[PDB]
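Peer 1: Sharing query.cif, mmCIF, C-alpha atoms:
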data_protein
#
loop_
_atom_site.label_atom_id
_atom_site.label_comp_id
_atom_site.auth_asym_id
_atom_site.auth_seq_id
_atom_site.Cartn_x
_atom_site.Cartn_y
_atom_site.Cartn_z
CA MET A 4 -8.49 25.26 -7.78
CA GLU A 5 -8.13 23.37 -4.47
CA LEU A 6 -5.52 24.72 -2.05
CA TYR A 7 -4.12 22.54 0.72
CA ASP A 8 -2.44 23.09 4.05
CA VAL A 9 1.30 22.61 4.58
CA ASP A 10 0.83 20.17 7.46
CA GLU A 11 -1.14 18.01 5.05
CA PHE A 12 1.86 18.01 2.67
CA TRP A 13 4.24 17.35 5.58
CA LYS A 14 2.59 14.00 6.30
CA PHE A 15 4.12 12.55 3.14
CA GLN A 16 7.76 11.57 3.52
CA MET A 17 10.31 12.11 0.80
CA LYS A 18 13.93 11.21 1.46
CA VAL A 19 17.15 11.21 -0.49
CA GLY A 20 18.02 7.71 -1.66
CA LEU A 21 21.06 6.20 -3.40
CA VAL A 22 20.31 3.83 -6.27
CA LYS A 23 22.52 0.81 -5.54
CA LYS A 24 21.18 -1.19 -8.47
CA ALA A 25 18.68 -0.73 -11.27
CA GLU A 26 17.48 -3.29 -13.81
CA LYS A 27 14.56 -3.61 -16.18
CA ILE A 28 11.79 -5.89 -14.92
CA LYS A 29 11.39 -9.01 -17.09
CA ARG A 30 8.61 -8.92 -19.70
CA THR A 31 8.09 -5.17 -19.40
CA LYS A 32 9.11 -2.28 -21.62
CA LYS A 33 8.87 0.57 -19.12
CA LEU A 34 9.47 -0.95 -15.69
CA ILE A 35 12.73 -0.71 -13.77
CA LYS A 36 13.40 -2.24 -10.36
CA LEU A 37 15.60 -0.19 -8.07
CA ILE A 38 17.37 -1.19 -4.88
CA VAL A 39 17.68 2.06 -2.96
CA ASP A 40 19.83 2.76 0.08
CA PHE A 41 18.29 5.38 2.43
CA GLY A 42 21.02 5.01 5.04
CA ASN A 43 19.20 3.19 7.85
CA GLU A 44 17.33 0.98 5.43
CA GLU A 45 17.24 -0.34 1.90
CA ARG A 46 14.10 -0.44 -0.21
CA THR A 47 12.90 -1.89 -3.49
CA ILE A 48 11.32 0.70 -5.71
CA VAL A 49 9.75 0.30 -9.13
CA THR A 50 9.63 3.15 -11.69
CA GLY A 51 8.19 2.92 -15.21
CA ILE A 52 10.41 5.23 -17.25
CA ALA A 53 12.53 2.63 -19.11
CA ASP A 54 11.14 3.69 -22.48
CA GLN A 55 12.70 7.12 -21.92
CA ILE A 56 15.37 6.64 -19.25
CA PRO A 57 17.71 3.62 -19.33
CA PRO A 58 18.64 1.82 -16.05
CA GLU A 59 22.31 2.80 -16.22
CA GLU A 60 21.33 6.46 -15.95
CA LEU A 61 19.99 5.85 -12.41
CA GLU A 62 22.57 3.49 -10.92
CA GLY A 63 25.05 5.20 -8.67
CA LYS A 64 22.99 8.38 -8.29
CA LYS A 65 20.88 9.92 -5.51
CA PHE A 66 17.25 10.94 -6.07
CA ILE A 67 14.13 12.00 -4.19
CA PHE A 68 11.78 9.17 -3.23
CA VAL A 69 8.37 9.20 -1.49
CA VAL A 70 8.79 6.44 1.14
CA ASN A 71 5.63 6.30 3.30
CA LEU A 72 3.18 5.21 0.61
CA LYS A 73 1.01 2.08 0.54
CA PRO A 74 3.20 -0.82 -0.76
CA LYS A 75 2.40 -1.98 -4.29
CA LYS A 76 3.32 -4.91 -6.54
CA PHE A 77 4.05 -4.28 -10.21
CA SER A 78 4.42 -7.36 -12.37
CA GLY A 79 4.86 -9.32 -9.16
CA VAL A 80 7.40 -6.86 -7.77
CA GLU A 81 6.85 -5.25 -4.38
CA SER A 82 7.50 -1.51 -4.65
CA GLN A 83 8.16 0.15 -1.27
CA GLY A 84 8.28 3.75 -2.48
CA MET A 85 8.32 5.97 -5.52
CA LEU A 86 10.95 7.84 -7.54
CA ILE A 87 10.18 11.56 -7.94
CA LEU A 88 10.93 13.16 -11.33
CA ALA A 89 9.93 16.03 -13.61
CA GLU A 90 7.52 15.50 -16.49
CA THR A 91 6.28 17.98 -19.08
CA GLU A 92 2.74 18.01 -20.45
CA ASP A 93 3.99 16.29 -23.62
CA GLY A 94 4.89 13.22 -21.54
CA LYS A 95 8.65 13.74 -21.60
CA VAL A 96 10.27 12.60 -18.33
CA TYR A 97 13.46 14.06 -16.78
CA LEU A 98 15.52 12.80 -13.84
CA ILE A 99 16.05 15.16 -10.92
CA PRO A 100 19.25 13.98 -9.28
CA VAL A 101 20.06 15.18 -5.74
CA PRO A 102 23.55 16.77 -5.35
CA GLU A 103 26.21 14.19 -4.38
CA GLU A 104 26.85 16.07 -1.11
CA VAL A 105 23.40 15.37 0.37
CA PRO A 106 23.55 12.44 2.81
CA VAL A 107 21.22 9.51 2.01
CA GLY A 108 18.20 9.58 4.31
CA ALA A 109 17.98 13.40 4.33
CA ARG A 110 14.37 14.55 4.34
CA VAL A 111 13.08 16.35 1.26
CA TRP A 112 10.35 18.90 2.02
#
Please, can you express the file's structure as structure tokens?
Peer 2:
Amino acid sequence: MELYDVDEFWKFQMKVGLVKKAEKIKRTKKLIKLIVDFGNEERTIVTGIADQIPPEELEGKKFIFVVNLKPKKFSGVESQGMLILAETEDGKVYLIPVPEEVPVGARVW
């Protein structure tokens, strides 16, 4: 069922990012706004896992983020990337933190 080429995967850019701050977006039940430090730059990233993962479980940690996607506004918030996580078929979401040793900005691929 559809097999792709590695170079095609390689065009997407995932990097390690440190969550400087994370807070629920007003008037939403699942949205969380993140301010992520990728070393050379900072980015605002929205994730909608607040019904399963509270904001304080992301702050201070490093995670994988796709950073070369088309910008998108959620509830008026400009999201400049996307938090990568694990999710089972039953809809349960799990964070995938990056080890503390990995420098922010490292490429994930």
Peer 1: Just want the 8 Å neighbourhood of residue 111 of chain A, counted on all atoms listed in the file, with same-chain residues fewer than 6 positions away dropped. Output as a PDB file with C-alpha atoms, keeping the file's coordinate frame.
Peer 2:
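And here is the file that came out, out.pdb:
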ATOM      1  CA  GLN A  16       7.760  11.570   3.520  1.00  0.00           C
ATOM      2  CA  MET A  17      10.310  12.110   0.800  1.00  0.00           C
ATOM      3  CA  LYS A  18      13.930  11.210   1.460  1.00  0.00           C
ATOM      4  CA  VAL A  19      17.150  11.210  -0.490  1.00  0.00           C
ATOM      5  CA  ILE A  67      14.130  12.000  -4.190  1.00  0.00           C
TER       6      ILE A  67
END
Peer 1: Residues of segment 71-109 of chain A within 9 Å of segment 48-55 of chain A: nearest atom pair and distance (Å, one decimal) for each, counting only C-alpha atoms, sorted by chain and number, as a tab-separated table?
Peer 2:
residue	atom	partner	partner_atom	distance
A:76	CA	A:49	CA	8.7
A:77	CA	A:49	CA	7.4
A:80	CA	A:49	CA	7.7
A:81	CA	A:48	CA	7.6
A:82	CA	A:48	CA	4.5
A:83	CA	A:48	CA	5.5
A:84	CA	A:48	CA	5.4
A:85	CA	A:48	CA	6.1
A:86	CA	A:50	CA	6.4
A:95	CA	A:55	CA	7.8
A:96	CA	A:55	CA	7.0
A:97	CA	A:55	CA	8.7
Peer 1: So which one's closest to residue 58 of chain A, A:34, A:70, A:6, A:21? Using all atoms listed in the file, please.
Peer 2: A:34
Peer 1: Measuring atom to atom with all atoms listed in the file, identify which of A:57, A:74, A:20, A:79 is nearest to residue 45 of chain A.
Peer 2: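 Among the listed residues, A:20 lies closest to residue 45 of chain A.
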Peer 1: Rank A:69, A:35, A:47, A:5 by their smallest atom-to-atom distance to residue 112 of chain A, using all atoms listed in the file, and report the top residue only.
Peer 2: A:69
Peer 1: How would you write, as a ChimeraX atom specification, the residues chosen by the PyMOL selection byres ((chain A and resi 108) around 8) on this structure?
Peer 2: /A:18-20,41-43,106-107,109-110
Peer 1: How many Å separate atom CA of residue 40 of chain A from atom CA of residue 68 of chain A?
Peer 2: 10.8 Å
Peer 1: Could you state the separation of atom CA of residue 24 of chain A and atom CA of residue 94 of chain A in Å, given to one decimal place?
Peer 2: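 Distance between the two atoms: 25.4 Å.
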Peer 1: In Å, how far is it from atom CA of residue 36 of chain A to atom CA of residue 62 of chain A?
Peer 2: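 Value for the atom CA of residue 36 of chain A-atom CA of residue 62 of chain A distance: 10.8 Å.
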Peer 1: Can you sort out segment 37-56 of chain A so it carries N, CA, C and O atoms, written as an mmCIF file, in the coordinates of the input?
Peer 2:
data_model
loop_
_atom_site.group_PDB
_atom_site.id
_atom_site.type_symbol
_atom_site.label_atom_id
_atom_site.label_comp_id
_atom_site.auth_asym_id
_atom_site.auth_seq_id
_atom_site.Cartn_x
_atom_site.Cartn_y
_atom_site.Cartn_z
ATOM 1 N N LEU A 37 14.480 -0.860 -8.700
ATOM 2 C CA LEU A 37 15.600 -0.190 -8.070
ATOM 3 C C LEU A 37 15.804 -0.697 -6.654
ATOM 4 O O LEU A 37 14.843 -1.003 -5.951
ATOM 5 N N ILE A 38 17.058 -0.791 -6.239
ATOM 6 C CA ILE A 38 17.370 -1.190 -4.880
ATOM 7 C C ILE A 38 17.981 0.107 -4.370
ATOM 8 O O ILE A 38 19.074 0.510 -4.797
ATOM 9 N N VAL A 39 17.264 0.764 -3.469
ATOM 10 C CA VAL A 39 17.680 2.060 -2.960
ATOM 11 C C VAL A 39 18.099 2.067 -1.505
ATOM 12 O O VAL A 39 17.380 1.562 -0.637
ATOM 13 N N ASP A 40 19.265 2.653 -1.254
ATOM 14 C CA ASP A 40 19.830 2.760 0.080
ATOM 15 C C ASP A 40 19.477 4.124 0.679
ATOM 16 O O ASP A 40 19.926 5.146 0.168
ATOM 17 N N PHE A 41 18.667 4.138 1.736
ATOM 18 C CA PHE A 41 18.290 5.380 2.430
ATOM 19 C C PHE A 41 19.069 5.578 3.728
ATOM 20 O O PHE A 41 18.640 6.322 4.617
ATOM 21 N N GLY A 42 20.203 4.892 3.842
ATOM 22 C CA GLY A 42 21.020 5.010 5.040
ATOM 23 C C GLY A 42 20.732 3.948 6.080
ATOM 24 O O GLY A 42 21.491 2.992 6.231
ATOM 25 N N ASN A 43 19.622 4.117 6.794
ATOM 26 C CA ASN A 43 19.200 3.190 7.850
ATOM 27 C C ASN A 43 18.484 1.973 7.291
ATOM 28 O O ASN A 43 18.310 0.962 7.978
ATOM 29 N N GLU A 44 18.044 2.077 6.046
ATOM 30 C CA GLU A 44 17.330 0.980 5.430
ATOM 31 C C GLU A 44 17.533 0.973 3.930
ATOM 32 O O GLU A 44 18.006 1.947 3.341
ATOM 33 N N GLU A 45 17.154 -0.143 3.332
ATOM 34 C CA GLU A 45 17.240 -0.340 1.900
ATOM 35 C C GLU A 45 15.816 -0.624 1.470
ATOM 36 O O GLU A 45 15.037 -1.202 2.228
ATOM 37 N N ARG A 46 15.456 -0.204 0.266
ATOM 38 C CA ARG A 46 14.100 -0.440 -0.210
ATOM 39 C C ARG A 46 14.081 -0.771 -1.696
ATOM 40 O O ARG A 46 14.969 -0.370 -2.450
ATOM 41 N N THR A 47 13.064 -1.513 -2.102
ATOM 42 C CA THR A 47 12.900 -1.890 -3.490
ATOM 43 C C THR A 47 11.853 -0.967 -4.052
ATOM 44 O O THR A 47 10.731 -0.899 -3.542
ATOM 45 N N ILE A 48 12.225 -0.245 -5.101
ATOM 46 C CA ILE A 48 11.320 0.700 -5.710
ATOM 47 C C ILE A 48 11.226 0.539 -7.218
ATOM 48 O O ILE A 48 12.239 0.511 -7.916
ATOM 49 N N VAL A 49 9.996 0.442 -7.708
ATOM 50 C CA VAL A 49 9.750 0.300 -9.130
ATOM 51 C C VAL A 49 9.367 1.651 -9.759
ATOM 52 O O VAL A 49 8.603 2.425 -9.180
ATOM 53 N N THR A 50 9.925 1.929 -10.934
ATOM 54 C CA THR A 50 9.630 3.150 -11.690
ATOM 55 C C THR A 50 9.394 2.702 -13.132
ATOM 56 O O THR A 50 10.046 1.774 -13.602
ATOM 57 N N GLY A 51 8.467 3.340 -13.841
ATOM 58 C CA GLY A 51 8.190 2.920 -15.210
ATOM 59 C C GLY A 51 8.615 3.920 -16.269
ATOM 60 O O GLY A 51 7.805 4.356 -17.077
ATOM 61 N N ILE A 52 9.899 4.249 -16.298
ATOM 62 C CA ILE A 52 10.410 5.230 -17.250
ATOM 63 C C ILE A 52 11.378 4.644 -18.269
ATOM 64 O O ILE A 52 11.907 5.387 -19.098
ATOM 65 N N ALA A 53 11.583 3.323 -18.224
ATOM 66 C CA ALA A 53 12.530 2.630 -19.110
ATOM 67 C C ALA A 53 12.427 2.899 -20.607
ATOM 68 O O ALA A 53 13.360 2.637 -21.347
ATOM 69 N N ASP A 54 11.297 3.404 -21.065
ATOM 70 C CA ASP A 54 11.140 3.690 -22.480
ATOM 71 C C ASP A 54 11.814 5.026 -22.806
ATOM 72 O O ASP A 54 12.083 5.330 -23.971
ATOM 73 N N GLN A 55 12.074 5.819 -21.765
ATOM 74 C CA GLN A 55 12.700 7.120 -21.920
ATOM 75 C C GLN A 55 14.038 7.238 -21.204
ATOM 76 O O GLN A 55 14.930 7.926 -21.671
ATOM 77 N N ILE A 56 14.160 6.569 -20.060
ATOM 78 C CA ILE A 56 15.370 6.640 -19.250
ATOM 79 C C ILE A 56 15.961 5.256 -18.976
ATOM 80 O O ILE A 56 15.393 4.477 -18.216
#
